[PDB]
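Notes to accompany the following structure.
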Amino acid sequence: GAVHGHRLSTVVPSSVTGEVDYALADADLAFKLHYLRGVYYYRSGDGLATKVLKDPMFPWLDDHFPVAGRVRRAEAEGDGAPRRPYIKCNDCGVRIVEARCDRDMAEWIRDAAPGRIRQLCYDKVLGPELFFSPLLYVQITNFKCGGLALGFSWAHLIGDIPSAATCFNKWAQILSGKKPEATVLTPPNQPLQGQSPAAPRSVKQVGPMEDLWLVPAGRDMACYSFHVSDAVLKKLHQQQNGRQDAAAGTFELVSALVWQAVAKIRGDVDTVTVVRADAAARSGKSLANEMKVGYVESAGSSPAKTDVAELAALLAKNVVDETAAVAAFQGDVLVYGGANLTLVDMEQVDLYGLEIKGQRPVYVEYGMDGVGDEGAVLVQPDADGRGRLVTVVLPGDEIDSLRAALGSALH
Amino acid sequence: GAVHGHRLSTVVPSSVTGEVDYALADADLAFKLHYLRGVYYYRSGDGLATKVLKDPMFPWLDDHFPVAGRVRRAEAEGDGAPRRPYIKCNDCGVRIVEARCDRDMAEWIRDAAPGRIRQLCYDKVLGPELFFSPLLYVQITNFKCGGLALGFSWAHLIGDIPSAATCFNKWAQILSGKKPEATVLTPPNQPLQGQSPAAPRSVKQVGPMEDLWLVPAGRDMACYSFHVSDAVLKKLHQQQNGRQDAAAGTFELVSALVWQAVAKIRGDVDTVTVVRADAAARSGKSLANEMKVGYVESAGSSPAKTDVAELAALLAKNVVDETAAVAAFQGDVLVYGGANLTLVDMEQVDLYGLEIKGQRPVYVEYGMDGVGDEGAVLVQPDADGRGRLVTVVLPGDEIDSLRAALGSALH
Amino acid sequence: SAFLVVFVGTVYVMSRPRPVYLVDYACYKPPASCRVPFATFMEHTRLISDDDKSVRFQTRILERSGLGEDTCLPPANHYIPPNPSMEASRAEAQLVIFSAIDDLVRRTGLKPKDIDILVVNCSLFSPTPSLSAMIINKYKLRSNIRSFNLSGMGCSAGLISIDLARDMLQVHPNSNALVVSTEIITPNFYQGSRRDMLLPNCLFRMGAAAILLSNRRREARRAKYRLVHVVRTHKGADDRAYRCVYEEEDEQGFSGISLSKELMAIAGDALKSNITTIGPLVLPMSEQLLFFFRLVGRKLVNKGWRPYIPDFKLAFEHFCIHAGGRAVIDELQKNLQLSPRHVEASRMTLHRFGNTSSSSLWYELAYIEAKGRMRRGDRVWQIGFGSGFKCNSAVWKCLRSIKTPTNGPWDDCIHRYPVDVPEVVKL
Amino acid sequence: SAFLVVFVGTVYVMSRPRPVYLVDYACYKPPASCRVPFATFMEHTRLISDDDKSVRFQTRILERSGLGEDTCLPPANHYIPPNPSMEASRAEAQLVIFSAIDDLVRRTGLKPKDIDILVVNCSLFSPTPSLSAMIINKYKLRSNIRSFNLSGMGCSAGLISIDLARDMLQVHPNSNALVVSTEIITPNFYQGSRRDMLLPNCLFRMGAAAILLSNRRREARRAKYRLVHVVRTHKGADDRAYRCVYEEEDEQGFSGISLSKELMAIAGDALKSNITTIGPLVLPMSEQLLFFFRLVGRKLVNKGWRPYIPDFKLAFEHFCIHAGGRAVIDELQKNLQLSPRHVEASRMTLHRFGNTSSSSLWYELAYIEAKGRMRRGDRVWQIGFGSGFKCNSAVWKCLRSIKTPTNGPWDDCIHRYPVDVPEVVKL
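Laid out in structure tokens, this is it:
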């Protein structure tokens, strides 16, 4: 039951943009080594050929012409050491990988094998040909039972994750025949100075790379995406009686649960990175990196022998904000998994609004790539809006020991 | 350095024969399980393309139209246990197999490797598609140095060995611009019922085969063709001193030497089968098997401890003729190598008359296929008309013990 | 009168069309070193394939098709795997054409600088420099020549080129027109094993014909035939007749012609709708008076009478039905009531040369010229039918009786023909 | 006189040729979901091949070819390995043709039972049911139609079909003729890596034009142009000019067009031998007096005067040079000394649509019609050159001044053209 029959094709914008250069911000270049992997599972792929899915991308990429561009490099008139990249908006295209699989989709969703996102998204990166590598691959696989799994592999250079999910929703609304919300690209991104050469302790400054924007992690990592139900969320709030605090009891509880489960395995994850995808700090732009990178110290007991409510009260009040120093850094950064175990807060993002014609998706998971040797925790929302879907990227050695330790907490 | 690139093609007679049924003789069916492989090595293959070698085969097969026929089977109106085969002269074809080799031809001639005729002649037989199996295969091999090795795979059903060599010379005379002799197929063959069930003791009655005219041997066979020079051919005549007998010392000395060398290896080959290709007993017909199958008994001492001169005197007068009862037999016969060690007398045959333009061949060797588990010795003439070329077809376990024992006579 | 004779004698002589003659024509007689017998074909197609259903169908096709033992295939279908290249198929096009025009320019005295119109038709094979440009490059023709290259029009494009070189000889006065009809068998071979696409493997053989027309009056005593009518009929508007003969690709990717299983009901419709349109042109007025005069006795007397087709024996002397197969000349003899001497060129041409695609009518004409049956004043009827189901027809008229040694493709074997054709070639 | 008057007035009205009008024509405008930019092409060819000598040649070809960012390829070369099938190429021929005739039958009111002649030219793609039979099958035309399918005649078969429909409209009075000139790019792709067969990959794009000609007298208050002259020049007699554009197979077995290295010295001799034979036809009498007034002072005064090419700007007001490449239009601008405004349609058609093979002249005519530059009485010159070395030319003459909204292929981007085209498209 493997995915076979890959046919590759491109979709260009419908309007000639011309000699336009999109300038990347100082925060867009700190998140350039990571990549997003998103699978949107549908029940019935009836009425959805590989023409009615490709034809709305020609008016969709007209609004989002930097997504159809390619990475280039500016010239150095002074010192020849810095060469700031930019997205030259030549309409090169977006790869469409038609595929098909012979397995039943409803069995493969509830299968819990390590690695399902790796085969339904097209496994690629801004690779050795940096000037000819696409920024988005869409894999449209059809199943034997009639299922459809759209695999979006979004490069984290050009956009955010809440700037990617809405960028896909503005294609689903064009496919449904609605009117999409107008994109905002008109304020040009300007580089700012400030001379901060110190590495912040939430990231890990890797060596200088020039033509392959991917750090090889060494350990073979895999995306294990389990689920957090409704009755365990109320079973996580029973330790939050007798004390009142500002801990939001739907992200900082389950992320403290996975923090305790990973501290039970590893030696000491004393500090962790919290990358909140907050909606209040967002500007009006549709392709920009407004994340809130931080770090939380332990400042007391170890996270392995601690209750979950203490690691929940610690993860909310005692976060130290450092999203300005990461964007003001000069080298290569590697936020996700580089220095510490990152805990993403992708839970207020509207993932289940990819209504193709009138079909709400069945199951939506976001995996990643380019994560370093520590791991990542992506706390996603469920279809009903009351459960949480926790995708944990881990080096594989710590995956089968995570399912044993989390079995006593999820029952 | 093996042959490669076989391109198969056929050639037909130039004129339509009509519905003619060539009836085979009673001696034409005793030799139906054997096959003749003969290689004609040419030094300079200049101007001899594979269109000028194929264009005279359309008038040549008009004279020899049963060679381009196919084997069929007549019906039995009485009892249906025998069904006598015949050659239906539908112009079906003669295979032309263009091949090429990347070795030096004059090095492969003087190689003395067991098995060379199998690579330059197309090895096939009147096989399991018996009604669609050709009676003649011609393989034209173009060497790297410019050599040319015509390999004729001739079925022993339709013709003899002196009826094969003159039939090939009648093609070389058409190619050379000459005028060939008239072919004679005019008296038809008729069966004569003699009701002889006694199997002759020069042949070995193999079981009833129906659709594969080949006896698969238990031991694996290989053709080792050495050379007998003039300085040994006068050496073998010096033990005939003090006695003046009819030992014709160019076949009856050489083959008795090979008989002694094979009896040194094996246990006791007391009897042999001398198959004389005599030229005085040939009738006028151009395609008929006028061999002289006999058997020679030792009648006393073993041929391993007896001298070559006495084994030559024994092989010249004590030939008990059996070629009349072999043809009048009803089952399958297996003359060559069936009962005893076969000694062939192919030395008066004009092998080197295949002058295609003015090019006398440099090396002509004739091997066989379908030889039984006892062995066949084919005493052929040399290029300069003075020596003898001896192709010995023995089991592969008895060749490496033969070259050591035969070195003490040839030097 | 004596003064009102220029007005009647001028508007009539400027309204009559220019007459189009046939000066001579040369056909290609393929050599004896290229013939494919029955057993050679059934051994080749038994070594190629492995299934038994695809060979027992080709046996049933070939032993009942009516072909003989002298039908020729190009020297690339004589290998056991046929290897059709572009160069190997172009080198056959330089053999069947250049040895048919060289036969024509030595029996007519035609200088190559005299050819003004050149029409070449070939169904499948057409390179990027066309076959007309190849004929121009070989013979060094003029630079202001009118060269047309019809292609993809099927087996009935031999009478589309004749109509084209008839319509181009009305506009341009005093011009010669060379017409070349051919078929290149080397890119036509179907490699697969589909049981409805193997029918062009067992019928199509080598052959090409070069035809020289003119509208001069100097070549009115040297010419042989004068073209009277050309009647075209294109049944491609029917949705089942367009996809009747159809070039498809099978499941393995081998392109080939895919004949439908209802072809004899479609080929029997384009023939009866071309005979209907050519009937009032060639039938005599004494025999056309059972349609303006008998159909009155149907609508008022009795709808439904005894079947009276008009006999075309009283309109022509020589019939040249295209040798498509045995199952089309019998059905055009049965309901049209032709004697066995009428359909004899069409049978012996199929028996000797096989189904040459576009140029079978000229071999059938060379048969009637070779036996000495073409007297002076006879009318020749040539019927064709093609791939989109164009069904064209032409009516010639012989101007001078052709003497018996003609030096055509038949003169080496005309003392044997007509030979008896068996119903089933027994194997 | 009073009686020797109709003897001239009945011959001069019966010996003159019939006029052939151009009623209307429609060109296919390919959609925006088929365009191929420069970076998309240079990413596809960079992912297909491995050697950097087969992509650094195509970069230098395409960045100086003169094409733009709106050139369209069929929906089978948009895959990363292109898959040319026969269903995938027949479904494109049913798109560029059936939507160019549907545009033509809505602006002239052409009832499909009125088309008497049908000429369809296409160089490479030609099925066994031809494209003319496909057009007959789709629109349900008559059964007595005169359908011809020219195939294999190269990029200059657009003015061979015009000459054919001109010469068929003199014979048949009161008829209409549908002329379809197209090129199918799906079987035109070259899979190999030979560096002289990659130029038809980088230039040939989609496009087809359907043309309705008519010789009636009622189509004079409705037609736009009148066909004046058609001059053909076939340079195929020279062995250099015949094997210049050539279809071969490389060492791996892929077919493609093998352009010679001396194509600019061969096209420069077929153009100068077509301008020479069209000079006495179209030049004014005040400019045709270099033969008997100036060349009389060339043979005895001085062998070799100052070079004087006759200027054709007094004979023509609109030029429609075929958009083969940028190097053949710069060469023809230096020779005839054309203005930068005279060469504007032949540049902007290459910039917008690309090198559409047989039908670029009609986009070049729609450019001049869409800008409002086609006045009444202007003379148009259309030059085309193909593959056996043909360089055919045709002169039209406008009858009524065409208003500026034309509903052609240009009317969504004609407010933007002419654009400044650079020498090197930057990579």
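One line per chain: the protein sequences are D, A, B and C, in this order. If you use PDB author numbering, the first sequence corresponds to residues 14 to 424, in order. If you use PDB author numbering, the second sequence corresponds to residues 14 to 424, in order. If you use PDB author numbering, the third sequence corresponds to residues 68 to 494, in order. If you use PDB author numbering, the fourth sequence corresponds to residues 68 to 494, in order. Just so it is clear, CB atoms sit at the ideal spot from N, CA and C, and this is done for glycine as well.
Exercise. With 16 as the cutoff for other CB atoms within 10 Å, does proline 351 (chain C) come out buried or exposed?
Worked result: Along the fourth sequence, read from residue 1 onward, the residue named residue 351 (chain C) stands at position 284. By the 10 Å Cβ count, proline 351 (chain C) comes out exposed.
Exercise. Taking Cβ positions, are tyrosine 54 (chain D) and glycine 160 (chain D) nearer each other than 8 Å?
Worked result: Stepping through the first sequence from its first residue, residue 54 (chain D) is reached at position 41. Stepping through the first sequence from its first residue, residue 160 (chain D) is reached at position 147. Yes, Cβ-Cβ distance for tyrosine 54 (chain D) and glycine 160 (chain D) is below 8 Å.
Exercise. Does DSSP put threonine 336 (chain A) in a helix, in a strand, or in coil?
Worked result: Here residue 336 (chain A) refers to the residue found at position 323 of the second sequence. Here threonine 336 (chain A) sits in helix by DSSP.
Problem set entry | Minimum C-alpha distance to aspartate 320 (chain D) - residue among D:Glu303, D:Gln253, D:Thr23 and D:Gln218 | By one-based count along the first sequence, residue 320 (chain D) stands at place 307. Checked all of D:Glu303, D:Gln253, D:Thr23 and D:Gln218; the closest Cα to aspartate 320 (chain D) is D:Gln253.
Exercise. With 16 as the cutoff for other CB atoms within 10 Å, does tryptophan 463 (chain C) come out buried or exposed?
Worked result: Numbered from its first residue, the fourth sequence carries residue 463 (chain C) at position 396. It is buried - the Cβ of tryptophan 463 (chain C) has at least 16 other Cβ atoms within 10 Å.
Problem set entry | Chain-ordered neighbours of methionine 81 (chain C) on chain B, where CB pairs are closer than 9 Å | Taking the first residue of the fourth sequence as position 1, residue 81 (chain C) is located at position 14. Neighbours of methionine 81 (chain C) on chain B, chain order: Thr77, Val78, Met81 and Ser82.
Exercise. Is the CB of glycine 106 (chain D) under 8 Å away from at least one CB in chain C?
Worked result: Translated into the one-based positions of the first sequence, residue 106 (chain D) becomes position 93. For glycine 106 (chain D), the answer is yes, since a Cβ of chain C falls inside 8 Å of its Cβ.
Exercise. Between which two residues does the beta strand (DSSP E) containing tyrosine 379 (chain D) stretch?
Worked result: The sequence position of residue 379 (chain D) within the first sequence is 366, counting from 1. Per DSSP, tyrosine 379 (chain D) belongs to the beta strand (DSSP E) from 376 to 382.
Problem set entry | Whole-angstrom distance between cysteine 269 (chain B) and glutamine 400 (chain B), CA atom to CA atom | Walking along the third sequence from the start, residue 400 (chain B) turns up at place 333. Walking along the third sequence from the start, residue 269 (chain B) turns up at place 202. Distance between the alpha carbons of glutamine 400 (chain B) and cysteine 269 (chain B): 23 Å.
Exercise. Going along the stretch 234 to 258 of chain C in order, which residues come within less than 9 Å of chain B, judged by CB to CB distance?
Worked result: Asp234, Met235, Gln237, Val238 and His239
Exercise. Can we say the stretch 293 to 301 of chain A touches the stretch 359 to 377 of chain A, given the rule of at least three CB pairs closer than 8 Å?
Worked result: no
For this session: Please name the residues in the stretch 143 to 164 of chain B whose beta-carbon is closer than 7 Å to at least one beta-carbon of chain A, in chain order.
Result: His145, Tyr146 and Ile147
Exercise. For the 8 Å Cβ check, are there 3 or more pairs between the stretch 59 to 78 of chain D and the stretch 16 to 35 of chain D?
Worked result: yes
Exercise. Between which two residues does the beta strand (DSSP E) containing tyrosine 35 (chain D) stretch?
Worked result: For the purposes of this step, residue 35 (chain D) is taken as the residue at position 22 of the first sequence. Run containing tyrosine 35 (chain D): 34 to 36, per the beta strand (DSSP E) assignment.
Problem set entry | Reduced DSSP category for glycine 259 (chain B) - H, G, I as helix; E, B as strand; rest coil | Walking along the third sequence from the start, residue 259 (chain B) turns up at place 192. Coil, per DSSP.
Exercise. In its own chain, which residues sit with a C-beta less than 7 Å from the C-beta of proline 151 (chain C), not counting the 5 before and 5 after it?
Worked result: Counting from 1 along the fourth sequence, the entry for residue 151 (chain C) is found at position 84. These residues qualify, in order along the chain: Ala143, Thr253, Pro254 and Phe256.
Exercise. What do you reckon, are the CB atoms on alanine 224 (chain C) and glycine 475 (chain C) nearer than 8 Å?
Worked result: On the fourth sequence, position 157 is the one that residue 224 (chain C) refers to. On the fourth sequence, position 408 is the one that residue 475 (chain C) refers to. Against a cut-off of 8 Å, the Cβ pair of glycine 475 (chain C) and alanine 224 (chain C) comes out as no contact.
Problem set entry | Inside the stretch 243 to 310 of chain C only - alpha helix (DSSP H) runs reaching at least 4 residues | 266 to 270 and 306 to 309
Exercise. Going by C-alpha distance, which of B:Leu140, B:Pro84 and B:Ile376 is nearest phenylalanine 105 (chain B)?
Worked result: Within the third sequence, numbered from 1, the residue matching residue 105 (chain B) stands at position 38. Cα-wise, what sits closest to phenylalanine 105 (chain B) is B:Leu140.
Problem set entry | Neighbourhood of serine 421 (chain D) by C-beta distance below 8 Å, restricted to the same chain and skipping five residues each side | Here residue 421 (chain D) refers to the residue found at position 408 when the first sequence is read from its first residue. Cβ within range, chain order: n/a, list empty.
Exercise. Taking C-beta to C-beta, are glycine 421 (chain C) and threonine 138 (chain C) nearer than 8 Å?
Worked result: As a first step, residue 421 (chain C) must be located in the fourth sequence, where it is residue number 354. As a first step, residue 138 (chain C) must be located in the fourth sequence, where it is residue number 71. Contact flag set, yes.
Exercise. At what residues does the alpha helix (DSSP H) containing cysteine 180 (chain A) begin and finish?
Worked result: Stepping through the second sequence from its first residue, residue 180 (chain A) is reached at position 167. 175 to 188 is the extent of the alpha helix (DSSP H) around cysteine 180 (chain A).
For this session: Starting from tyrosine 48 (chain D), follow its DSSP beta bridges and name the residues at the other end.
Result: Residue 48 (chain D) sits at position 35 when you count from the first residue of the first sequence. The partner list for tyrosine 48 (chain D) (beta bridge, DSSP) reads D:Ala168 and D:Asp382.
Exercise. Residue ranges of each beta strand (DSSP E) run of no fewer than 3 residues wholly in the stretch 341 to 408 of chain C, ordered along the chain?
Worked result: 385 to 388
Exercise. Counting contacts by CB-CB distance shorter than 8 Å, is residue 497 (chain C) in contact with chain D?
Worked result: Outside the displayed span of chain C (68 to 494) sits residue 497 (chain C), for which this structure offers no information.
Problem set entry | Nearest neighbour of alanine 36 (chain D), chosen from D:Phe165, D:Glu310 and D:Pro200 [CA to CA] | On the first sequence, position 23 is the one that residue 36 (chain D) refers to. Nearest C-alpha to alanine 36 (chain D): D:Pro200.
Problem set entry | Bridge-paired residues (DSSP) for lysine 207 (chain C) | As a working mapping, residue 207 (chain C) is identified with position 140 in the fourth sequence. Bridge partners of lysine 207 (chain C): none, in fact.
Exercise. If you measure from the beta carbon of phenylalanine 358 (chain B) to each beta carbon in chain C, is any gap under 8 Å?
Worked result: Locating residue 358 (chain B) in the third sequence gives position 291, where the first residue counts as 1. Not closer than 8 Å to any Cβ of chain C, the Cβ of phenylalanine 358 (chain B) fails to qualify, so no.
Exercise. Can you name the residues of chain B whose CB is closer than 8 Å to the CB of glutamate 314 (chain C)?
Worked result: Numbered from its first residue, the fourth sequence carries residue 314 (chain C) at position 247. What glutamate 314 (chain C) touches in chain B: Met153, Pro194, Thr195 and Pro196.
Exercise. Between the C-alpha atoms of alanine 394 (chain C) and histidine 301 (chain C), what's the straight-line distance to the nearest angstrom?
Worked result: Translated into positions along the fourth sequence, residue 394 (chain C) becomes position 327. Translated into positions along the fourth sequence, residue 301 (chain C) becomes position 234. Whole-angstrom Cα-Cα distance: 22 Å.
For this session: Determine the extent of the alpha helix (DSSP H) in which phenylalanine 124 (chain C) is found, giving its start and end residues.
Result: One-based indexing of the fourth sequence puts residue 124 (chain C) at position 57. That run of the alpha helix (DSSP H) goes 123 to 129.
Exercise. Are the beta-carbon atoms of residue 442 (chain A) and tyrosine 379 (chain A) separated by less than 8 Å?
Worked result: Given a span of 14 to 424 for chain A in the structure shown, any question on residue 442 (chain A) remains unanswerable.
Exercise. What do you get for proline 472 (chain B), buried or exposed, if any count of 16 or more other CB atoms within 10 angstroms of its CB means buried?
Worked result: In the third sequence, residue 472 (chain B) corresponds to position 405, counting from 1. Classification for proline 472 (chain B): exposed.
For this session: Please name the residue in D:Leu347, D:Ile122 and D:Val151 whose C-alpha comes closest to that of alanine 112 (chain D).
Result: Here residue 112 (chain D) is taken as the residue at index 99 of the first sequence, counted from 1. Among D:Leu347, D:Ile122 and D:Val151, the Cα nearest to that of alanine 112 (chain D) is on D:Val151.
For this session: Indicate the three-state DSSP secondary structure (helix, strand or coil) for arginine 20 (chain D) in the structure shown.
Result: Along the first sequence, read from residue 1 onward, the residue named residue 20 (chain D) stands at position 7. DSSP places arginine 20 (chain D) in strand when its eight states are reduced to three.
For this session: Reducing DSSP to helix, strand and coil, say where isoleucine 369 (chain A) ends up.
Result: In the second sequence, residue 369 (chain A) corresponds to position 356, counting from 1. DSSP places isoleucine 369 (chain A) in coil when its eight states are reduced to three.
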